[PDB]
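# Tertiary structure, described
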Amino acid sequence: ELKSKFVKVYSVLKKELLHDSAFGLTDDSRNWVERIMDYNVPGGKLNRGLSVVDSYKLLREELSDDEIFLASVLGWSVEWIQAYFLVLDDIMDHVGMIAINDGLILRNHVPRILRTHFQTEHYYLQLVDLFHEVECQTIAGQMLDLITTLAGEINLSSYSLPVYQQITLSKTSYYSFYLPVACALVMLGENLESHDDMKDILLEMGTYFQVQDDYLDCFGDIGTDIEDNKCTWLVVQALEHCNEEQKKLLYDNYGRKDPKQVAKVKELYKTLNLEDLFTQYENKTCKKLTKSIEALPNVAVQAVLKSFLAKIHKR
Amino acid sequence: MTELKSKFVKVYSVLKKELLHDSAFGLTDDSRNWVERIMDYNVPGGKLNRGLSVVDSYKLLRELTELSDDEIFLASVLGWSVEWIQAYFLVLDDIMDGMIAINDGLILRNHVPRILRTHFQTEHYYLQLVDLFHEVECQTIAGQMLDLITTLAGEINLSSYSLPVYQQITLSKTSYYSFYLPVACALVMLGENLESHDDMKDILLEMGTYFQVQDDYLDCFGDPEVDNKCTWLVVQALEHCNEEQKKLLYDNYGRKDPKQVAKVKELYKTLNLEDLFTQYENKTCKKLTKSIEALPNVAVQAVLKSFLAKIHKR
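Calculation criteria
- Residues numbered from 1 in each chain as written, not as in the entry; some residues may be left out.
- Chains lettered and ligands numbered in written order.
- Heavy atoms only, no water.
- UniProt positions renumbered as here; feature names shortened; annotations may be inferred.
- Contact = heavy atoms within 4.5 Å.
- Buried area = accessible area lost by both parts, 1.4 Å probe.
- Salt bridge = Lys/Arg side-chain N within 4 Å of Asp/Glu carboxyl O.
- Polar contact = N/O pair within 3.5 Å; in protein donor to acceptor, adjacent residues only side chain to side chain.
- Helix = DSSP H or I, 4+ residues; strand = E, 2+ residues; numbered from the N terminus.
- Nonpolar A, V, L, I, M, F, W, Y, C, P; charged D, E, K, R; others polar.
- Axes fitted to C-alpha atoms, helices over the stretch in contact; angles between N-to-C directions.
- Parallel < 35°, antiparallel > 145°, perpendicular 65-115°, else oblique.
- Left-handed = near helix turned anticlockwise from the far one by under 90°.
- Buried < 20%, exposed > 50% of the residue type's maximum accessible area, 1.4 Å probe, protein only.
- Patch = residues over 30% accessible without salt bridge, like charges linked within 9 Å, V, L, I, M, F, W, Y side chains within 5 Å.
- Areas by Shrake-Rupley, 256 points an atom, 1.4 Å probe, with all protein chains shown as cover.
- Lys, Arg positive; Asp, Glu negative; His and termini not counted.
- Charge placed at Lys NZ, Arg CZ, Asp CG, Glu CD.
- Disulfide = S-S within 2.5 Å.

Taking the PDB entry as the reference, chain B is identified by name as FPS3 belonging to Eucommia ulmoides. Under the heading Sequence similarities (unreviewed entry), UniProt records this for chain B: "Belongs to the FPP/GGPP synthase family." Check the Cofactor (unreviewed entry) section of the UniProt entry for chain B; it says "Mg(2+)".

Where the PDB entry is consulted, chain A appears under the name FPS3, with the organism given as Eucommia ulmoides. Among the UniProt annotations of chain A, the heading Sequence similarities (unreviewed entry) holds the following wording: "Belongs to the FPP/GGPP synthase family." The annotation that UniProt attaches to chain A under Cofactor (unreviewed entry) is "Mg(2+)".

With 42 residues of chain B at the contact, the number on the chain A side is 40 residues. Summed over both sides, the interface between chain B and chain A buries roughly 3,600 Å², with carbon and sulfur atoms accounting for 69% of that surface. Area buried by chain B at its contact with chain A is led by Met-99, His-134 and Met-145 of chain B, which between them contribute 15% of it. Counting every contact that joins chain B to chain A gives four salt bridges. With a shortest N-O distance of 3.4 Å, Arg-109 of chain B and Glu-135 of chain A are connected by a salt bridge. There are eight residue pairs in polar contact connecting chain B and chain A. Going through the elements one at a time, α2 (29–42), α4 (69–96), α5 (100–120), α6 (126–150) and α7 (163–189) of chain B are the ones with two or more residues in the side of chain B that touches chain A. Considering each element in turn, the side of chain B that touches chain A owes the most residues, 15 residues, to α6 of chain B. Taken together, the residues of the side of chain B that touches chain A sort by class into 25 nonpolar, eleven polar and six charged.

Residue and element names in this part refer to chain B. Between helix α1 (residues 2–20) and α2, whose axes approach to 10 Å, the crossing angle comes to 150°. As far as their axial angle goes, α2 and α1 are roughly antiparallel. Between α1 and α2 lies a crossing of right-handed hand. Note on element contacts: α2 touches α1 through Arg-32, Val-35, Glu-36, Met-39 and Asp-40, opposite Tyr-12, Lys-16, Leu-19 and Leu-20. When its residues are assigned to classes, the contact of α1 with α2 shows five nonpolar, no polar and four charged.

The next subject is the side chain of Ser-172 of chain B. All names here are of chain B. Along the chain, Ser-172 turns up in helix α7. Given the relative accessible area of 2%, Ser-172 is considered buried. Here the side chain of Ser-172 touches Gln-168 through a polar contact of 2.8 Å, landing on its backbone oxygen.

Okay, a negative patch on the surface next. Taken together, the side chains of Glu-193, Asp-196, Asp-197, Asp-200 and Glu-204 of chain A define an acidic patch exposed on the protein surface. Residue position: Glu-193 of chain A is located in the loop between α7 (161–187) and α8 (196–218).

All right, on to the state of the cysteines then. Scanning all chains against the criterion turns up zero disulfides over all chains. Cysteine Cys-183 of chain A shares no disulfide, and the gap to the nearest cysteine sulfur, in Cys-136 of chain A, comes to 15 Å. Owing to a relative accessible area of 0%, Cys-183 of chain A belongs among the buried residues under this scheme. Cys-220 of chain B supplies the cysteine sulfur nearest to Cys-230 of chain B, a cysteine that is in no disulfide, at a spacing of 14 Å. Judged by its relative accessible area of 14%, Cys-230 of chain B is buried.

Now the structure itself:
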């Protein structure tokens, strides 16, 4: 039902944007723009764009077709903004830097949609500031990622828990966990500025998911983080949790594409019991997050947050 | 007016320290200096033509229509916002001719609405400022996309180079942020609604096209510092030449060889495109002055005449 309705909203928004006569498009440029849309936006699983509509339905307690359409419009706006973010991620992870311009086209589609479908609403400026906040912090996250990565070129003393956490927060969690639920609440008439507790919980949830992926990379059926000199949660823990010759071991073997040295790092990890440290982190995190979800007065917000936390647990 | 400029220049420091210490963004000491250096490189360097012209157009509109220090500060804030947005645009322009330049540029882009929000959210014209900068950015990047399609990717069959394509690129790529944005900022600050100024907008846009044609000519005939470019010169040469001259142009254009370059230059000279450019300049200043005077509002006329005079013959 939602599956079949949501996806048509992509076509609706696409044909709106292509035939917004504000810019003079020829046949050729129109096809250029349509291709750079259809490549990036409508492809994937549509996790977050759908989760906008799903969180909206969850909050509701009866849905009109207009309500569903607008929730879908917000969802697709999320998909667009994420397309922009992911094009930049492509560019930043290993005869055409068209990729920049393509990405920048998609970014500038986001407020055209928001303006076309929500200007009359009384929460228009709140949506604009939401997407603005999310974009500012996503790109600030990318900037932290650059500096940390570059500056951890050999000097692994750059890799600290605060740096890891700020990167995970601003780069991903914001557009990944806050943005869709925030979209739903703003449509629901709420003011986000009286939801700092929910915001913080979703942000910690994003940090949680990143720590998960960091561990899964190193322990699961292949992950290449220790080869790639990445700032994993595992290496950040290993740094301050090891002695002096273990620091020498890590400094020797980290960032090395050689399964011998990779295995040296893996077995320093195992001898430091970072699998059990991760199990403890997971348990304490799910407890803190479930506990502080229940602390929230609103029960439906709790339902949405518990949905998310359950979906990502033990993944 | 170097007495009154020094106030503008301090607003850069004010906005910079605001943005750097927005603890909403989690910045370490380290990242804080990274952001400061990527600001100080791009934004405060140049002559500050457009950022100052925001404040100058505001003063002009006031003087003709007491002028508080807050008014000046806010006009300056808008000016520096223009400087930032232009820095972003110019970083992308550099890029389009290790991969940090993208990230730096995007940091500068996302500073713009932080400033607009910090200093103009309370105002009743906030959404109008946001839509102004949004429109300008959409059309600048659309201009870049047209530039990609037309120039580099529309290579050696130069029959792609037409006056309408040239004009659309010049309009959306540059004219918008270069000539509309600064005066529009001042008018929005003045309480006006831009949607009843389409004539002024169109005039400033044509003015941007004019300035680009100027730069095109200076390139081919001039010194300062420093083929296959979509120049106004080649666009004129195309439809103003016969058939063996078309053969000459197709032979020699896009060719890095001073012999063939000179073949193009002297086809230009035998077509009298220097005199065509002088005529273009005269007819353009006349069309623009005439349609400026057509505007009902006299102070808007004063601002537009200021701009058109500043960019004339130089």
